[PDB]
Amino acid sequence: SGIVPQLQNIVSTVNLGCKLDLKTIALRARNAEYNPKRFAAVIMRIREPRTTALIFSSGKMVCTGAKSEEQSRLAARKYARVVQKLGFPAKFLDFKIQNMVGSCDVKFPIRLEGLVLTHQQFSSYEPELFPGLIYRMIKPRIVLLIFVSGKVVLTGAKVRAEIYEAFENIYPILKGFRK
DNA sequence: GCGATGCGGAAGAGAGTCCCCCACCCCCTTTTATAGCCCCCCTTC
């Protein structure tokens, strides 16, 4: 195909293995914001990795915004150290990547009306609700947002192989509905 | 003094022609790409 999707966002969850005091973290953490009325977690941001992480009292933390697997793990470790630097016994346990978001362009307009007809079992095109066709691939459990402009967004992948594999499967299908 | 009762008359049926408590699930939130749609404020004259 000659086109490789580029990851736009990765969601990874890591357990620190120790209960944390959310109020204490907000007071001392540099960028943390805690609003129990709004959300029950502590939202923190670190610019150099350019990622955002949510910290819960149970010790589990979710890291989002990383553009690569290495960045997500590095960003998650940095957040854990910040909590550890606050006097808590934070660790890096069962780090896992929960979601990978990738985007790409096929460089040609797509006839979404034709695509849904031939793939009604997997496609879902509702212009009233969303201007982009939602494709649910089965062999890889990846949900693809195909747009008339040609932009394709892949999400729900656990590994980078699924993102590339999913695009390889849909690209020939899109080529058959080129506008 | 101290009770006790049958019959006529009236009545009446009966037939014919809401508020609370206890699971279970969804959304609150964050990140990102995509794009049409639409609110809101601004600006124009």
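Protein chains get the first letters and strands the later ones, always in sequence-line order, with residue 1 at the start of each. The figures here come from the full heavy-atom set of this structure, side chains too, leaving out hydrogens, waters and symmetry mates.
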Taking B:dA33, B:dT32, B:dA35 as options, the one with an atom nearest any side-chain atom of A:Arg50 is B:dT32
B:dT31, B:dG36, B:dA33: which one has an atom nearest the side-chain heavy atoms of A:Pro131?
B:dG36
Does A:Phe167 have its ring centroid less than 6.0 Å away from the ring centroid of A:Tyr164?
no
How close or far is atom P of B:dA33 from atom CD1 of A:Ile170, stated in whole angstroms?
22 Å
So, for A:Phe56 and A:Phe39, is the gap between ring centers shorter than 6.0 Å?
yes
Contact nearer the 5' end of DNA chain B, comparing A:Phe147 with A:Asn9
A:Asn9
Atom CD1 of A:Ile55 to atom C1' of B:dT29: distance rounded to whole Å?
14 Å
Work out the sugar pucker of B:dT34 as north or south, treating a positive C1'-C2'-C3'-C4' as north.
north
Whole Å only: how far is the CG atom of A:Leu54 from the P atom of B:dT31?
8 Å
d(CE, A:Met61; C1', B:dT30) in whole Å:
13 Å
Rounded to whole Å, how long is the line connecting atom NZ of A:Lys151 with atom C1' of B:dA33?
9 Å
Could you check B:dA4 and say if its sugar is north or south from the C1'-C2'-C3'-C4' sign?
south
Among B:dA33, B:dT31, B:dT29, which is the nearest nucleotide to the side chain of A:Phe39?
B:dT29
Taking the minimum atom-to-atom distance to the side chain of A:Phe130, which one of B:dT34, B:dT31, B:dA33 wins?
B:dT34
By the definition side-chain contact (heavy atoms from CB on, under 4.5 Å), identify the one residue from A:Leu154, A:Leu133, A:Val116 that meets it with A:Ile146.
A:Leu133
Verify whether the stacking test passes for B:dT32 and B:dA33, with limits of 5.5 Å on the ring-centre separation and 30° on the angle between planes.
yes
Side-chain N or O of A:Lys67 less than 4.0 angstrom from OP1 or OP2 on B:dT32?
no
Calculate the interatomic distance between A:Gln98 atom CD and B:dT30 atom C1'; express it in whole Å.
14 Å
Note: B:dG16 sugar, classed by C1'-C2'-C3'-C4' (positive north, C3'-endo side; negative south, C2'-endo side), is north
May I have the distance from A:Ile110 (atom CD1) to B:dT34 (atom P), rounded to whole angstrom?
14 Å
Do me a favour and sort the pucker of B:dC27 into north or south by its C1'-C2'-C3'-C4' torsion.
south
A:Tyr79 ring center near A:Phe92 ring center (under 6.0 Å)
no
Can you identify which nucleotide, out of B:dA35, B:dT31, B:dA33, has its nearest atom closest to the A:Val11 side chain?
B:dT31
Among the nucleotides B:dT32, B:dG36, B:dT30, which one has an atom lying closest to any side-chain atom of A:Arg45?
B:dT30
Taking only side-chain nitrogens and oxygens of A:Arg38, does any of them come within less than 4.0 Å of OP1 or OP2 of B:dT30?
yes
To the nearest Å, how far apart are A:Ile97 CD1 and B:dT31 P?
19 Å
Test applied, side-chain contact (heavy atoms from CB on, under 4.5 Å); reference residue, A:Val101; option that passes from A:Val11, A:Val153, A:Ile163
A:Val153
Can you check whether A:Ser149 has a side-chain N or O nearer than 4.0 Å to OP1 or OP2 of B:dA35?
yes
Short side-chain donor-acceptor distance under 3.5 Å, A:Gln8 and A:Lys67:
no
